[PDB]
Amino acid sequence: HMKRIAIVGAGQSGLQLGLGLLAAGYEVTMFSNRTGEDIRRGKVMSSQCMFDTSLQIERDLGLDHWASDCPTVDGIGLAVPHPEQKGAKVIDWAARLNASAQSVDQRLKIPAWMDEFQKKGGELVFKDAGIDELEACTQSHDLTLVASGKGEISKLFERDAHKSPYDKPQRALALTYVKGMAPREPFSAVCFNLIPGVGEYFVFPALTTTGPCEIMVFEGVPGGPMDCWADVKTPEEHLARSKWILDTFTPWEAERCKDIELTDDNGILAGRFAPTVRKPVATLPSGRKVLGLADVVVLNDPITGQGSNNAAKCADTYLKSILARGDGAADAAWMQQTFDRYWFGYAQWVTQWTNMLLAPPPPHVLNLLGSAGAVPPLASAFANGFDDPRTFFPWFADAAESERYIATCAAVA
């Protein structure tokens, strides 16, 4: 009678997909390796800035439960320190987003969606799932998906070397969730601070388990002055190192932080990983097959702020493919084509752009970013491209095309 879907991994993409499937009349089994409460009170996992298109995917499913309470992010700003004048910027501009972005802590969203999943009839099973659970799921369900993010079981899927130009981390990452930051005026924004040869500091308002906050995101070229977390062993030390980066590299941002505190002692993170794309179909010892979802198959560095946007868009594409398939077999071909539509239609572009941004920038890029400060339509294109990075091609990557786009923008300024 009823089609039955198993999802291993209770994360953003898995739960969005599972909730959509329940609403469409499927039976859904989901495995989680943590309780909701331990997720709420555990370490942060991301900075999860979702732009309008991803937000709308959630709205269309009825899952925008924090829309009113979560602060809106209304623009993007970009600043570059002056090579000469201390504490001055040589580039400093901003542009409004055509529609707001929002960052709802996954510590809030994932547990609440787990609650909703059970209320809507999903079967939530608690276990650190392994091969045995995948073998069991594939015998009792029409389709089994792995949605375990950066978890170890994700390595069941073969690395796709041609889609993975990097095999090492390209940035040392850290997150710091704080209260008390002076609000940005006259509108909120993701404040991008690009430190040439050193790294990046991004900061924006968000909602966490103690209410509204701002999230500080730090990325450092490995071995550089912002690869600076190895000796940090306490929350107090993490807050202090966060303020040290701002004092040292972005004193204009330190002026907003004279009174910041951590939201909670678990509102901190540091780590690193190599960008990786994996093949989406994994074969179990039995010969049965499972399909990878979102970060299991496409894992990008957070520098472009796309992971949670990718997660929403991936789960949307997979849900649409399931609903269209009907009673057709969920075989390896269908699985692969489902991933291919996500990859070739969308994620290949997000991934190529993110991987290029991790490398040292060519000269036409500096000209582009500086020109944006004098050409508001170009600044606007930069800001709104974060909602659909396909719109950056080819002009972000090619000098001649970048000059042509600057000219188009200047002509309507």
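Throughout, we count residues from 1 along the sequence that is shown.
**Student:** Tell me which stretch, 29-37 or 359-367, has the higher mean Cα B-factor listed in the entry.
**Tutor:** According to the PDB entry, the answer is 359-367.
**Student:** Taking the recorded C-alpha temperature factors, which stretch has the higher mean, 196-204 or 126-134?
**Tutor:** Comparing 196-204 with 126-134, the higher average CA B-factor belongs to 126-134.
**Student:** According to the deposited entry, which of 278, 107, 233, 313 has the largest Cα B-factor?
**Tutor:** Comparing C-alpha B-factors across 278, 107, 233, 313, the top value belongs to 233.
**Student:** From the list 266, 209, 300, 176, select the residue with the highest C-alpha B factor recorded in the entry.
**Tutor:** The listed residue with the largest C-alpha B-factor is 209.
**Student:** Report the third (lowest, middle or highest) to which the CA temperature factor of residue 334 belongs, ranking only the modelled residues of the same chain.
**Tutor:** Tercile = middle for this residue's CA B-factor.
**Student:** Which third, lowest, middle or highest, does the C-alpha temperature factor of residue 394 belong to within its own chain?
**Tutor:** Answer is middle: the recorded C-alpha B-factor places it there.
**Student:** With respect to C-alpha B-factor, does residue 282 fall in the lowest, middle or highest third of the chain as deposited?
**Tutor:** For residue 282, whose C-alpha B-factor we compare with every modelled residue in the chain, the answer is the middle third.
**Student:** Lowest, middle or highest third: where is residue 46 by Cα B-factor in its chain?
**Tutor:** As the PDB entry reports it, the C-alpha B-factor of residue 46 lands in the highest third of its chain.
**Student:** Where does the C-alpha B-factor of residue 160 rank in its chain, lowest, middle or highest third?
**Tutor:** Middle third of the chain for residue 160's C-alpha B-factor.
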